[PDB]
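Structure 1 and structure 2 below are two forms of the same protein chain, each written out on its own as structure tokens.
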Structure 1
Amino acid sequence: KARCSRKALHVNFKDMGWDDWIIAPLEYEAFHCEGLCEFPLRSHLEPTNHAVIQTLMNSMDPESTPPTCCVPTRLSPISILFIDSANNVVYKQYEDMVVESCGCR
């Protein structure tokens, strides 16, 4: 097991069944977070106070408390260009689609 970090996650829309509508992008890099959250907690993981406390207690008695989790701390959107039912050409922005950074929470 490794230290919490951002790994790759290639997303393919051609598998969504949106083929009669979507124009671009047809795939994108979404990324994902995976890894161990434990001392020492490197600054980039930006732990919260609660995270620091929970990691301490889990460090003292793993049975009592589980470790914190490596999750996306900041995400960005992506816009999708498609042709809707009415045949209009829409450019829609979707929030929280790309992982910008991982941290322990």
Structure 2
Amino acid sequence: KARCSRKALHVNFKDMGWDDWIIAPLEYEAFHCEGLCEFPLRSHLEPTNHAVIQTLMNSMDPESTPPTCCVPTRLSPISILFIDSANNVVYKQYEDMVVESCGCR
């Protein structure tokens, strides 16, 4: 039972059957968030005010409100070179592709 932290999560577009329309890259590290959001919340989690209030109310009465969940708070984009709907090779920057920090919400 650890705390909200960032763990590794690799994605392989070729294994997902997307290699027919995606040229490069065929795989990348995307990470994910996992862990308990116990009271109190650390400064590195930089939670929202509502997350703070919900964590406090769940610590007081667990049968009154569920705890906050470990979720990505900051994500970084990655580039993808793919064949579009008109057979045009497009270099597009997809946002929210790699988890760079986790937190409680």
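Residues that one form lacks are left out of the comparison. Throughout, residue numbering runs from 1 along the sequence of structure 1. If you superpose the two forms and keep the largest set of C-alpha atoms that fall within 1.5 Å, you have the rigid core.
With the core held fixed between structure 1 and structure 2, residue 21 has its Cα displaced by at least 2 Å. Remark: with the core as the superposition reference, the CA shift of residue 84 between structure 1 and structure 2 reaches 2 Å or more. Core superposition gives residue 32 a CA displacement of 0.3 Å between structure 1 and structure 2. Core superposition gives residue 47 a CA displacement of 1.1 Å between structure 1 and structure 2. In sequence order, the regions between structure 1 and structure 2 where at least three consecutive C-alphas each move 2 angstroms or more after rigid core superposition are 15 to 23, 82 to 90.
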